[PDB]
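Numbering (the deposited numbering), first residue to last: 24 to 265. Before any comments, here is the structure.
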Amino acid sequence: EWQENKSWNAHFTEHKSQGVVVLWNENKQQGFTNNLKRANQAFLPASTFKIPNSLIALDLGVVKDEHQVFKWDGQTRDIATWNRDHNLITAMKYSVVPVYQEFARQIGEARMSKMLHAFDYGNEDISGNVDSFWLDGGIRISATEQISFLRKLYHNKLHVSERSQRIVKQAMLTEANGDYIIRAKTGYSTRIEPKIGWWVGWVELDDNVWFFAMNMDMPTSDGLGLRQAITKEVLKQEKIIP
Ligand SMILES: CS(=O)(=O)NCc1cccc(-c2cccc(C(=O)O)c2)c1
Ligand SMILES: [Cl-]
Numbered sequence: 024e025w026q027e028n029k030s031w032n033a034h035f036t037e038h039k040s041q042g043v044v045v046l047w048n049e050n051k052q053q054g055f056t057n058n059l060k061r062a063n064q065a066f067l068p069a070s071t072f073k074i075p076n077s078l079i080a081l082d083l084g085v086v087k088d089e090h091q092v093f094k095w096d097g098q099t100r101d102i103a104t105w106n107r108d109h110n111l112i113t114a115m116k117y118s119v120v121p122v123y124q125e126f127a128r129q130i131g132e133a134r135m136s137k138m139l140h141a142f143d144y145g146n147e148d149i150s151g152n153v154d155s156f157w158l159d160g161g162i163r164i165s166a167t168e169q170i171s172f173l174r175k176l177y178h179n180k181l182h183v184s185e186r187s188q189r190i191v192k193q194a195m196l197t198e199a200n201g202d203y204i205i206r207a208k209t210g211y212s213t214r215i216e217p218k219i220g221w222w223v224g225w226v227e228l229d230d231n232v233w234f235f236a237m238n239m240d241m242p243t244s245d246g247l248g249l250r251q252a253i254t255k256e257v258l259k260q261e262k263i264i265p
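See the structure below:
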């Protein structure tokens with residue numbers, strides 16, 4: 024059911040980095056990774072938590088639909104794309120933290136915890152501030168647990184409405200062409216060591232789906248582009264994409 028392919032470590036050592044890539048072949052129900060131990064090591068989810076947060080906000084009515092505008096609060100932050108109006112799509116696209124902090128505040132501690140247990144999401148611990156626990160609180164999730172969660176989302180099997188899950192899968196849309204479709208979400212954890220970058224999602228093919236989850240040490244923001252690059256080099260190597 025699982026197999027270790029240490030040849031993939033070259034794609035990390037190539038960039039003087041360390042990390043894990045996990046792949047799941049849905050048709051064959053088989054998983055692959057370069058590091059079985061780190062595949063099961065749990066980190067802060069950071070902005071990958073915007074997936075479950077979106078689901079809960081939509082299913083509870085905090086977010087009515089993907090067109091609803093959440094206006095900038097006027098406070099200039101260091102990321103330009105954050106200093107503007109957003110909807111669910113663009114807030115996901117640009118990982119707009121302050122938007123999702125407002126979602127969390129309206130969701131509330133009680134309902135947030137209840138839902139993460141229903142999702143079987145990571146360690147299901149929201150200890151900390153309700154509006155930042157996924158950045159510096161107690162919540163933890165591993166690469167293999169991300170994929171477990173994503174597979175439930177793909178099959179509309181999470182304990183929320185089908186509508187909520189379809190909308191979030193739309194918001195996750197990252198890349199599409201004649202060969203494949205990628206729905207995914209990035210993450211960047213900096214407040215607690217080790218600093219890491221995330222990329223979790225799946226690749227849709229004509230007749231199969233490849234789920235993926237990766238994280239890697241990220242001492243500086245300069246290497247954030249390696250999250251997608253390393254993943255795509257593994258996919259290319261495995262002939263999942265040209
Ligand atoms: C809360 S924090 O993440 O520790 N600091 C803010 C911060 C610092 C550097 C980069 C980002 C950023 C913004 C948009 C998109 C992405 C992405 O990886 O797709 C990353 C955010
Ligand atoms: Cl779509």
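Note that the Cβ used here is the ideal one computed from N, Cα and C, for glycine as well.
- Between the segment 58-73 and the segment 164-171, the count of C-beta pairs closer than 8 Å reaches three or more; the two stretches touch.
- CA-CA distance, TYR177 to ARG214, rounds to 30 Å.
- Secondary structure note for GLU27: its beta strand (DSSP E) is the uninterrupted segment 25-27.
- By the C-beta criterion, the segment 207-223 is judged to be in contact with the segment 238-247, since at least 3 inter-stretch pairs fall below 8 Å.
- Note that the C-beta distance between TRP31 and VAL44 is below 8 Å.
- Between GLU125 and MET135, the alpha-carbon positions lie close to 13 Å from each other.
- Under a 10 Å Cβ-count criterion, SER212 is classified as buried, with 16 or more other Cβ atoms of the shown protein chains found around its own Cβ.
- Contact fails between the segment 103-112 and the segment 134-148, because fewer than three Cβ pairs, one in each stretch, are under 8 Å apart.
- Proximity to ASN110 across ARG128, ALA80, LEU46, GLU132 peaks at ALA80, based on C-alpha coordinates.
- The beta carbons of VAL232 and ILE205 sit no closer together than 8 Å.
- Every unbroken stretch of the beta strand (DSSP E) spanning 3 or more residues and falling wholly within the segment 183-222 is given here in chain order: 196-199, 204-212.
- Fewer than three beta-carbon pairs drawn from the segment 76-90 and the segment 39-59 are found closer than 8 Å, and the two stretches are therefore not classed as touching.
- Per DSSP, the beta-bridge partners of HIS109 are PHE93.
- Shown in chain order are the residues whose CB sits closer than 7 Å to a heavy atom of ligand 2: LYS192, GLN193, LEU196.
- Rounded to whole angstroms, the separation of the alpha carbons of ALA33 and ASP148 is 34 Å.
- Its Cα nearest to that of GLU89, the residue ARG189 stands out among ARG189, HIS140, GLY97, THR71.
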